[PDB]
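Report on the structure given below.
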Amino acid sequence: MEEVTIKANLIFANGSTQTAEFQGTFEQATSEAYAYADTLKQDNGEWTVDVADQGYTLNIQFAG
């Protein structure tokens with residue numbers, strides 16, 4: 001009946017960028033953004049994440 005969309009910005013240590021839009025509940029979309037970043041952690045290293053636009057915007061930076 002009511003859901004949201006979260007836009008994650010992924011900044012790689014190489015310097016490239018990637019955008020990933022997730023849809024579903026407020027909880028689900030956030031959990032999925034972290035899932036995508038977690039799989040990438042093996043070839044991009046540990047990362048940090050920041051909450052923007054009340055959670056609808058996610059900034060994810062790979063520390064390498």
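Naming scheme: A, B, ... for chains in displayed order of the structure tokens; residues 1 onward per chain; ligands 1 onward as shown.
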Quiz prompt | Residue neighbourhood range 41-51 of chain A, 8 Å, only C-alpha atoms, exclusion window fewer than 5 positions, as an NGL selection string | solution = :A and (12-13 or 56-64)
Just to be explicit: take each residue in the selection above, keep C-alpha atoms, and write the result as a PDB file, in the first residue's frame.
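Produced file result_25.pdb, reproduced below:
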```pdb
ATOM      1  CA  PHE A  12      35.092   2.800  -5.538  1.00  0.00           C
ATOM      2  CA  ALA A  13      38.725   3.198  -4.430  1.00  0.00           C
ATOM      3  CA  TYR A  56      16.265   7.874   0.738  1.00  0.00           C
ATOM      4  CA  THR A  57      19.845   8.665  -0.409  1.00  0.00           C
ATOM      5  CA  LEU A  58      22.820   6.512   0.643  1.00  0.00           C
ATOM      6  CA  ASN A  59      26.473   7.447   0.103  1.00  0.00           C
ATOM      7  CA  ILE A  60      28.744   4.351   0.169  1.00  0.00           C
ATOM      8  CA  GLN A  61      32.523   4.817  -0.154  1.00  0.00           C
ATOM      9  CA  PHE A  62      34.916   1.877  -0.468  1.00  0.00           C
ATOM     10  CA  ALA A  63      38.064   2.463   1.611  1.00  0.00           C
ATOM     11  CA  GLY A  64      39.924   0.035  -0.736  1.00  0.00           C
TER      12      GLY A  64
END
```
Quiz prompt | Shell around residue 33 in chain A at 8 Å using only C-alpha atoms, local window under 6 positions removed, as an MDAnalysis selection string | solution = chainID A and resid 6 8 20 22
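Shell of residue 27 in chain A at 10 Å, with only C-alpha atoms counted and residues fewer than 3 places along the chain excluded, is residues 3, 4, 24, 30, 31 and 32 of chain A.
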Quiz prompt | Atomic distance CA of residue 16 in chain A - CA of residue 40 in chain A, expressed in Å with one decimal | solution =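 Result for CA of residue 16 in chain A versus CA of residue 40 in chain A: 13.3 Å, one decimal.
Across the model, the gap from CA of residue 53 in chain A to CA of residue 23 in chain A is 15.5 Å.
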Exercise. Using only C-alpha atoms, pick whichever of A:26, A:10, A:18, A:1 has the shortest atom-to-atom distance to residue 54 in chain A.
Key: A:26
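Per DSSP on the backbone, alpha helix (DSSP H) in chain A comprises residues 26, 27, 28, 29, 30, 31, 32, 33, 34, 35, 36, 37, 38, 39, 40, 41, 42, 43 and 44 of chain A.
Taking chain A and asking which residues DSSP calls strand (DSSP E or B) on the backbone, you get residues 4, 5, 6, 7, 8, 9, 10, 11, 17, 18, 19, 20, 21, 22, 23, 24, 47, 48, 49, 50, 51, 52, 57, 58, 59, 60, 61 and 62 of chain A.
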Selection above as a file: N, CA and C atoms, as a tab-separated table (two decimals), in the first residue's frame:
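Output (again_18.tsv):
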```tsv
chain	number	residue	atom	x	y	z
A	4	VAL	N	8.84	2.75	-0.50
A	4	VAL	CA	9.79	3.80	-0.85
A	4	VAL	C	10.87	3.28	-1.80
A	5	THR	N	11.73	4.18	-2.27
A	5	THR	CA	12.84	3.92	-3.14
A	5	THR	C	14.07	4.56	-2.50
A	6	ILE	N	15.19	3.84	-2.43
A	6	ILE	CA	16.45	4.31	-1.86
A	6	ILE	C	17.48	4.28	-2.98
A	7	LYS	N	18.24	5.36	-3.14
A	7	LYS	CA	19.27	5.50	-4.16
A	7	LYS	C	20.64	5.49	-3.51
A	8	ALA	N	21.41	4.42	-3.70
A	8	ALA	CA	22.74	4.31	-3.16
A	8	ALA	C	23.75	4.73	-4.22
A	9	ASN	N	24.73	5.53	-3.81
A	9	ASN	CA	25.82	6.04	-4.62
A	9	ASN	C	27.02	5.24	-4.13
A	10	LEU	N	27.70	4.50	-5.00
A	10	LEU	CA	28.85	3.69	-4.65
A	10	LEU	C	30.08	4.33	-5.29
A	11	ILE	N	31.05	4.68	-4.45
A	11	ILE	CA	32.30	5.32	-4.82
A	11	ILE	C	33.41	4.30	-4.56
A	17	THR	N	32.46	5.11	-10.24
A	17	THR	CA	31.22	5.30	-9.50
A	17	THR	C	30.15	4.35	-10.05
A	18	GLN	N	29.11	4.09	-9.27
A	18	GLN	CA	27.98	3.22	-9.60
A	18	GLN	C	26.77	3.73	-8.81
A	19	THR	N	25.57	3.63	-9.37
A	19	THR	CA	24.35	4.06	-8.70
A	19	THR	C	23.43	2.84	-8.65
A	20	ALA	N	22.75	2.60	-7.53
A	20	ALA	CA	21.84	1.47	-7.38
A	20	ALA	C	20.59	1.93	-6.67
A	21	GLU	N	19.46	1.83	-7.36
A	21	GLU	CA	18.16	2.19	-6.83
A	21	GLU	C	17.53	0.90	-6.33
A	22	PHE	N	16.97	0.90	-5.12
A	22	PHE	CA	16.31	-0.23	-4.48
A	22	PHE	C	14.88	0.22	-4.18
A	23	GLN	N	13.91	-0.69	-4.29
A	23	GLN	CA	12.50	-0.41	-4.04
A	23	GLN	C	11.97	-1.44	-3.05
A	24	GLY	N	11.00	-1.04	-2.24
A	24	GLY	CA	10.39	-1.89	-1.23
A	24	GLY	C	10.17	-1.07	0.04
A	47	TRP	N	34.02	-0.70	3.52
A	47	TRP	CA	33.35	0.53	3.15
A	47	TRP	C	32.67	1.17	4.35
A	48	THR	N	32.27	2.41	4.13
A	48	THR	CA	31.56	3.25	5.07
A	48	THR	C	30.28	3.65	4.34
A	49	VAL	N	29.25	4.06	5.08
A	49	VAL	CA	27.98	4.47	4.48
A	49	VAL	C	27.45	5.66	5.27
A	50	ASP	N	26.79	6.60	4.58
A	50	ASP	CA	26.21	7.80	5.16
A	50	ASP	C	24.76	7.93	4.76
A	51	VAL	N	23.94	8.39	5.70
A	51	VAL	CA	22.51	8.59	5.56
A	51	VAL	C	22.24	10.02	5.08
A	52	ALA	N	21.61	10.19	3.92
A	52	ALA	CA	21.26	11.48	3.35
A	52	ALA	C	19.79	11.42	2.92
A	57	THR	N	18.60	8.52	0.32
A	57	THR	CA	19.85	8.66	-0.41
A	57	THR	C	20.93	8.08	0.49
A	58	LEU	N	21.74	7.18	-0.07
A	58	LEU	CA	22.82	6.51	0.64
A	58	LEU	C	24.12	6.77	-0.09
A	59	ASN	N	25.15	7.18	0.65
A	59	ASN	CA	26.47	7.45	0.10
A	59	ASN	C	27.31	6.30	0.64
A	60	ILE	N	27.93	5.49	-0.21
A	60	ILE	CA	28.74	4.35	0.17
A	60	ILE	C	30.11	4.58	-0.47
A	61	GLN	N	31.17	4.62	0.34
A	61	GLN	CA	32.52	4.82	-0.15
A	61	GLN	C	33.36	3.62	0.27
A	62	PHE	N	34.04	3.01	-0.70
A	62	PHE	CA	34.92	1.88	-0.47
A	62	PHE	C	36.27	2.46	-0.07
```
